Amino acid sequence: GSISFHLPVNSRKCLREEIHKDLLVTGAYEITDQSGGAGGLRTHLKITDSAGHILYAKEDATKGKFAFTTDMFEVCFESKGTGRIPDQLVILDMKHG
């Protein structure tokens, strides 16, 4: 799977997956910010199961990879900043084994 989306400042967008099978899930993401971190802009990535256990987390996420096994989970991106900042562009690619 592949998703591209804009992430406004101080907002959160999540992808929720409910596949009732045991899986190896791998992913790669890139968060792009034209402003160079204006207004203290930062983005956190958090992957959680349906009971809120953290399967993966990255504070101050930029570009990277993740992996975890399961069975329902959510991949969330959340930015924090002050002032008027253009939306960030985020790409997320995942595959399921």
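Its PDB header names X-ray crystallography as the technique used to obtain the model and reports a resolution of 1.800 Å.

Colleague: For this particular structure, what's the right way to read the sheet that holds strand β5 (residues 54–58)?
Modeller: Sheets are built from strands that pair by backbone hydrogen bonding, the pairs being arranged parallel or antiparallel. The 4 strands lie next to each other as β2-β7-β4-β5, forming an open sheet whose pairing is antiparallel. Edge positions in the open sheet fall to β2 (12–17) and β5, since each of these has one partner strand only. Strand-to-strand twist across the sheet, computed as the mean angle between neighbouring axes with direction ignored, equals 10°. Note that strand β4 (residues 42–49) and β5 share 4 bridges and pair antiparallel. From the neighbouring strand, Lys46 faces β5, where its bridge partner is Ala57.

Colleague: Mind showing me how you'd approach the pairing of strand β3 (residues 24–32) here?
Modeller: Looking along a regular strand, one sees the side chains alternate between the two faces of the sheet. As paired strands, β3 and strand β6 (residues 63–69) are joined by 7 bridges and run antiparallel to one another. Note on β6: the bridge partner recorded for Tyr29 is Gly64. Relative to strand β8 (residues 88–96), β3 runs antiparallel, the two sharing 8 bridges. Residue pairing in the sheet places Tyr29 in a bridge with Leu92 of β8.

Reading the values: the criteria
Residues numbered from 1 in each chain as written, not as in the entry; some residues may be left out. Heavy atoms only, no water. Pairing = 2+ DSSP bridges. Helix = DSSP H or I, 4+ residues; strand = E, 2+ residues; numbered from the N terminus. Axes fitted to C-alpha atoms, helices over the stretch in contact; angles between N-to-C directions.

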